[PDB]
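Colleague: Quick one: the structure is below, questions incoming.
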Amino acid sequence: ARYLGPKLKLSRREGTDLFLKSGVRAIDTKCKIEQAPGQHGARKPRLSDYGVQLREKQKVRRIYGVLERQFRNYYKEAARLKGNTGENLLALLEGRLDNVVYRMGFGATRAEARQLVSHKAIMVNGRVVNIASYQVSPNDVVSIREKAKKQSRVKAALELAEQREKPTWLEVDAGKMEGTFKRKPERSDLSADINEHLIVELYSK
Amino acid sequence: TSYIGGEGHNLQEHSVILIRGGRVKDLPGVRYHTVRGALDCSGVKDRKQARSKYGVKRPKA
Amino acid sequence: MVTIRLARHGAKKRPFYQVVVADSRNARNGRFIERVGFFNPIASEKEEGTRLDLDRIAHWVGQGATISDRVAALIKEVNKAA
Amino acid sequence: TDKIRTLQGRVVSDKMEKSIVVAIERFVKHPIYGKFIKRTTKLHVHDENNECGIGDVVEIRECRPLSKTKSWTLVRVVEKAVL
Amino acid sequence: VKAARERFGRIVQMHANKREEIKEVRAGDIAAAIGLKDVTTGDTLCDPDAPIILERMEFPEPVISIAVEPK
Amino acid sequence: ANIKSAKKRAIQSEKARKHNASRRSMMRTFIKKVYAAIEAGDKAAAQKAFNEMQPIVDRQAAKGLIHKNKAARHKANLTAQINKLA
RNA sequence: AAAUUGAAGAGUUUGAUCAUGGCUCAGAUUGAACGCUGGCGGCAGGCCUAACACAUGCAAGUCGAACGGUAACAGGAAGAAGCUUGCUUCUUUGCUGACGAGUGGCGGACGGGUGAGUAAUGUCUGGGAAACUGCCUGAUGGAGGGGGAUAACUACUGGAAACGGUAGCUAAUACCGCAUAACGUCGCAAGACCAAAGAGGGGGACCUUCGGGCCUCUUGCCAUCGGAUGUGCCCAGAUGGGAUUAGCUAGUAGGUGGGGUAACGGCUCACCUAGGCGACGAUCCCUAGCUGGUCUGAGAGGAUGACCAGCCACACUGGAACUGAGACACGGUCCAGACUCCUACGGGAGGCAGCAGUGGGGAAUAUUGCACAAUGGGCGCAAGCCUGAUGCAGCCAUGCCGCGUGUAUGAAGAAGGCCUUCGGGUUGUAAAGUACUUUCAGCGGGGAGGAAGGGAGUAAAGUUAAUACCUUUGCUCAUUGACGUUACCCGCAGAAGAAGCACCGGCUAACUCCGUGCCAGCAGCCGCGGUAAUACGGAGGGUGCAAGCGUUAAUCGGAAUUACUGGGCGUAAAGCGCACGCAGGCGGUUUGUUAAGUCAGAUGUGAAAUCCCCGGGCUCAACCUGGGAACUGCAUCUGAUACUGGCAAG
């Protein structure tokens, strides 16, 4: 599906930050970002230990926005593959092209990215790609459809990407609309406030 | 012996229902329920959030 | 008695053919005696759409086997005697 | 030698001639529990001559069916129950 | 009249109450379709951008009642 | 609903049965003559019967009416028996 | 080069506790059904119940390059007629393409479906010798010459029919005799013994009624003998449940000799003779296709056995055999049986546990589809025909997965909704406005792969009776799509064409107002409801998951609660009332030895794919696929002799 309706709201349940709605004035300003949502958001949480875990598997599910049936599969992969599960899972999740074009800064929120991959404005290795989740292999060309080097969603996100982004494990070029995806994560290459060991704990029984 | 969930009366003094396993333990003998939205014995009249069990079609618009 | 004939495998209009020494009087992906090659009629933007074992074929023919109308045409396709 | 069916066995009956009854004690470990335990496989062997008696140890070998169940023939008597 | 997607499984023409074979039905013919079990009298069956309902609907109501029970 | 095209196979096999059965009998009366010739006890008349059998069986063998190793078994068993009743 | 960290717990007994112990819960799985809802594509699956009857059509033919032949159709064609002026039309001609039927040849015993029977008289694993086997292939050897019959046809003659019948004639590569007759066949050997067919394409010379002998190649056919592949058989070991099933068995157990199968065998039989099987569970009865494998699970284990694939049993129900290389026959026969159909009223027909579909069953499961094109089966010298196998498409959110349902901006925090200590929060940047963009869908254009092949042609390797025919390497030219207007690609509109379902007392993430007052009503468990209900009914708010969601059914786990890995027995369930002792379980201590277990090694085996692993391709993934490795086992040989068992002496 594509999980929509009230977007910073979902994040306010998650109850810290999140990398959403990042064009303009949102980050405590015209949105309340702390408290908690709804009519019983003013008082403090009941919580539950099952809660803290499930809510952090949700967090990370929401910062990348995938569904459980995909995430169940990324857990399968981290187990299935020979490397440490919680770290490897972040890696396995990250290698998705739709976050990569976002990591390129060709959008400045993922949904911007996800739309232009899907609505077929991205090309990987010079080959037409719209599979959003796609495995970008370590050391691949990222390129954007000629026609798309001009959308207000493109230009604005390029300046948003400007002096914002350029990570360890991809390298990027703005005039040429190009990026070199260097590799997948080991431990070091990705995070935020996220829990990885709590989810493997959760998915394992 | 089947229990019959929901309000809006039983129906069918002498006709056909589909039944399903399941206890409600405070009665004697109940092992079964009738599916009110299936075959006859009409889906339970009114209601607005508890609809799937004891069928209520999407309440119109 | 047997044949060297193609067996079909894979999926809806991307079949893979897998090449087989098999009993004459059984399904074309029934039972079989030795598996002797691979054939892909989908060669599209890829190599290795034909791989086959000459030594086995020769074994089978000197004992007594018919190679099929398409399998004789895989010979035509392997082109290592021209 | 090199692949033939030749076995050793205990003789547990002689009572009609030309039949002879040879019981084989085999070990196997019981397939779930361990414990190497016995089952005794009991076989028809062609006698020809009353060379065998009871409590004896014999050698028997495959020789293709001669009568129902009865396909083994007697080779040699190791030990004769010293009667 | 329902607004539903149909197939005419095969069509047969009636001679006596025995079944004569044709393989299609054109304008101005009467016939039967074989199976096609849902429809009720006064339904209209039309082309893919259908005349939706034709006028027809009208027939009489039941004068006298009895109660039935099986044996 | 009808029989596919089995008919012509269907009829032939009865003609063939009768044909076999005749030569099968032809030999049979002879096989019986051989043992009754063993009982008559004579080497000479009974080997004369065997000598009559040796042409009779072999064409049954060749033409597929007893075939296989079937001929051979009949040929041999009886042939020796004549010698055990010299 | 792949084994490799899948070995959670929670609530419930009491005033309260530790224990003991049953129940319930969160996980994964499905050939699923149902309710509520529902966009696309891909892929995969779709009667588990009645193996219950089946309407209708279709699921097995083919050779005229076997043969007699010549209804059909078609063409060429002799002669006429009409005359058109040499064309239309007739007759007759197998002349030729061509072939209905028939004789005859090979394939209907393969493919497909079904799981009733059956506890393996088939199966799984290895090991066996007594065996058969059409094509196919390897080798030798042969194919000489003749006789009669009979279909059809044709006459006759019965039958409202189905299907005949009475009579005469004609062939073969059908039949039959004859020749010859092994490296064969039977057998001491002597000796006996049986075989076949031509036909076609062509002919470069000859014979000649160029009919046809013949010349030349292809090909067919026959004897032996191996091959290969299949099939018959055997032995041991593994395989569901009951002993509130304990004695079963004389063709049974064995032999002797005759008999018989393609072959050893009471397989069968007459003589014999007295066994065989059984608590290491015979027998009896219940249930049950098997297996690879699937599911589940750490593993061990448990569950499970049309999803695919090997195997096996079955064919309206029951018996028996035929024919054949192959069967006791899935669309054959024969008989009996139950049930159904024609009608002629005398007598005859038929089998959807093939494909589609009907009715009946049931919670529940499809299209009376497209096509021989690809693949493969069949017959064919090949063209060709034949293919409800087989490809697809059809129909079901039935599963699995991909992908969409605009995206960003955007209040000073708008109506409406809801609570409100009436302060104000919330619903919510949600909404409106803004800018950008259009997967899919819808709509216009372009369009990969599946196509390999065969036909006919020159030449030529080459038989080369020269340059024929054949034959093949290539070469020669025209030329192969069921799906299908398919993917795929380009273009054109627009924020548009499109999101549900369940849950919120604890277990279990999430929460309040108001409607009812033991009710109405919820319950997987604990329980709640008897005036302010976090359960009940709805509103707001909230959480979870999504083209689904929930729920009841089903397997395993959680469960160490049937425990080998891994439990217990004073009192919680739990030691026989006590003892002797048979079978079985178990064996102090030594030397030697043997070599069964034992362990190491080697070699054969464990089908395919599946599982697992490393690649690869379809825009990824689902999927599909190359090789690796597993393939927890058996086999036989060699070896190691401590341990144990055997065995001899302490």
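Following the order of the structure tokens, chains are lettered A, B, ..., residues in each are numbered from 1, and ligands are numbered from 1.
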Pick out the residues sitting within 9 Å of residue 53 (chain F), and hand them over as a PyMOL selection string; count only C-alpha atoms (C1' of nucleotides), and ignore anything fewer than 2 positions along from it in its own chain.
Modeller: chain F and resi 27+30-31+34+48-51+55-58+75
Colleague: Could those selected residues go to a file with N, CA and C atoms, as a PDB file, in the first residue's frame?
Modeller:
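Done, and the output landed in again-v1.pdb:
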ATOM      1  N   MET F  27      -0.155 -79.317 -33.497  1.00  0.00           N
ATOM      2  CA  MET F  27       0.864 -79.667 -32.532  1.00  0.00           C
ATOM      3  C   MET F  27       0.325 -80.363 -31.354  1.00  0.00           C
ATOM      4  N   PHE F  30      -0.272 -84.021 -31.785  1.00  0.00           N
ATOM      5  CA  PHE F  30       1.045 -84.493 -31.829  1.00  0.00           C
ATOM      6  C   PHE F  30       1.793 -84.577 -30.493  1.00  0.00           C
ATOM      7  N   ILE F  31       1.748 -83.568 -29.617  1.00  0.00           N
ATOM      8  CA  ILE F  31       2.456 -83.630 -28.302  1.00  0.00           C
ATOM      9  C   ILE F  31       1.851 -84.853 -27.531  1.00  0.00           C
ATOM     10  N   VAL F  34       3.164 -87.984 -28.838  1.00  0.00           N
ATOM     11  CA  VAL F  34       4.461 -88.283 -28.318  1.00  0.00           C
ATOM     12  C   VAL F  34       4.446 -88.933 -26.995  1.00  0.00           C
ATOM     13  N   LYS F  48      10.360 -92.590 -33.591  1.00  0.00           N
ATOM     14  CA  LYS F  48       9.692 -92.241 -34.802  1.00  0.00           C
ATOM     15  C   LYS F  48       8.647 -91.144 -34.546  1.00  0.00           C
ATOM     16  N   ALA F  49       7.905 -91.191 -33.435  1.00  0.00           N
ATOM     17  CA  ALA F  49       7.120 -90.104 -33.075  1.00  0.00           C
ATOM     18  C   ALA F  49       7.910 -88.828 -32.824  1.00  0.00           C
ATOM     19  N   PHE F  50       9.083 -88.838 -32.161  1.00  0.00           N
ATOM     20  CA  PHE F  50       9.932 -87.665 -31.880  1.00  0.00           C
ATOM     21  C   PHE F  50      10.414 -87.023 -33.173  1.00  0.00           C
ATOM     22  N   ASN F  51      10.856 -87.855 -34.085  1.00  0.00           N
ATOM     23  CA  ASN F  51      11.246 -87.514 -35.444  1.00  0.00           C
ATOM     24  C   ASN F  51      10.052 -86.894 -36.181  1.00  0.00           C
ATOM     25  N   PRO F  55      10.212 -81.605 -37.065  1.00  0.00           N
ATOM     26  CA  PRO F  55       9.585 -80.707 -38.032  1.00  0.00           C
ATOM     27  C   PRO F  55       8.298 -79.977 -37.544  1.00  0.00           C
ATOM     28  N   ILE F  56       7.438 -80.658 -36.787  1.00  0.00           N
ATOM     29  CA  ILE F  56       6.117 -80.085 -36.417  1.00  0.00           C
ATOM     30  C   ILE F  56       6.309 -78.917 -35.492  1.00  0.00           C
ATOM     31  N   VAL F  57       7.140 -79.021 -34.434  1.00  0.00           N
ATOM     32  CA  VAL F  57       7.259 -77.958 -33.478  1.00  0.00           C
ATOM     33  C   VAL F  57       7.978 -76.711 -34.103  1.00  0.00           C
ATOM     34  N   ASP F  58       8.979 -76.892 -34.923  1.00  0.00           N
ATOM     35  CA  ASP F  58       9.856 -75.815 -35.135  1.00  0.00           C
ATOM     36  C   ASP F  58       9.235 -74.625 -35.912  1.00  0.00           C
ATOM     37  N   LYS F  75      10.477 -79.557 -27.067  1.00  0.00           N
ATOM     38  CA  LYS F  75      11.489 -80.339 -27.683  1.00  0.00           C
ATOM     39  C   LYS F  75      12.324 -81.204 -26.689  1.00  0.00           C
TER      40      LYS F  75
END
Colleague: Quick one: everything within 8 Å of region 49-52 of chain C, counting only C-alpha atoms (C1' of nucleotides), minus sequence neighbours fewer than 3 positions away in the same chain. Send it as number ranges by chain.
Modeller: C: 36-43, 46, 78
Colleague: Write a file of the just-selected residues containing N, CA and C atoms, as a short mmCIF file (atom, residue, chain, number, x, y, z; two decimals), in the first residue's frame.
Modeller:
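Now in part-v9.cif:
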data_model
loop_
_atom_site.label_atom_id
_atom_site.label_comp_id
_atom_site.auth_asym_id
_atom_site.auth_seq_id
_atom_site.Cartn_x
_atom_site.Cartn_y
_atom_site.Cartn_z
N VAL C 36 21.56 -34.06 -20.12
CA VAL C 36 22.67 -33.98 -20.99
C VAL C 36 22.99 -32.65 -21.54
N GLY C 37 22.46 -31.54 -21.02
CA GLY C 37 22.59 -30.25 -21.58
C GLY C 37 21.57 -29.32 -21.06
N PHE C 38 21.69 -28.02 -21.47
CA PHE C 38 20.72 -27.06 -21.22
C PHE C 38 20.45 -26.28 -22.48
N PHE C 39 19.17 -25.88 -22.74
CA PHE C 39 18.91 -25.01 -23.81
C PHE C 39 18.03 -23.89 -23.40
N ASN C 40 18.35 -22.62 -23.70
CA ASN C 40 17.39 -21.52 -23.54
C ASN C 40 17.07 -20.98 -24.94
N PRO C 41 15.81 -21.01 -25.40
CA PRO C 41 15.47 -20.31 -26.62
C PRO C 41 15.33 -18.85 -26.18
N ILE C 42 15.32 -18.43 -24.93
CA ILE C 42 15.43 -16.99 -24.64
C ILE C 42 16.90 -16.62 -24.53
N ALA C 43 17.49 -16.15 -25.63
CA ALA C 43 18.87 -15.71 -25.48
C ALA C 43 18.98 -14.21 -25.21
N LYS C 46 21.71 -11.96 -23.28
CA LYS C 46 22.44 -12.85 -22.45
C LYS C 46 23.09 -13.93 -23.34
N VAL C 78 24.42 -25.50 -32.34
CA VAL C 78 25.76 -25.45 -31.70
C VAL C 78 26.94 -25.16 -32.51
#
Colleague: When the cut-off is 12 Å and we count only C-alpha atoms (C1' of nucleotides), which residues of chain G are near chain B, given as a list in words?
Modeller: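 The complete set of qualifying residues is residues 33, 34, 35, 36, 37, 363, 500, 501, 502, 503, 520, 521, 522, 523, 524, 525, 527, 536, 537, 538, 539, 549, 550, 551, 552 and 553 of chain G.
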Colleague: As a PyMOL selection string, please: all residues of region 25-56 of chain D that backbone DSSP puts in strand (DSSP E or B).
Modeller: chain D and resi 25-30+34-46
Colleague: For a test of reading the model, state the distance in Å between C1' of residue 68 (chain G) and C1' of residue 381 (chain G), rounded to one decimal.
Modeller: 23.5 Å
Colleague: Which polymer residues have any atom within 12 Å of an atom of residue 48 (chain E), counting only C-alpha atoms (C1' of nucleotides), with same-chain residues fewer than 6 positions away left out, as a list in words?
Modeller: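 Neighbouring residues, sequence-local ones excluded: residues 3, 4, 5, 6 and 7 of chain E.
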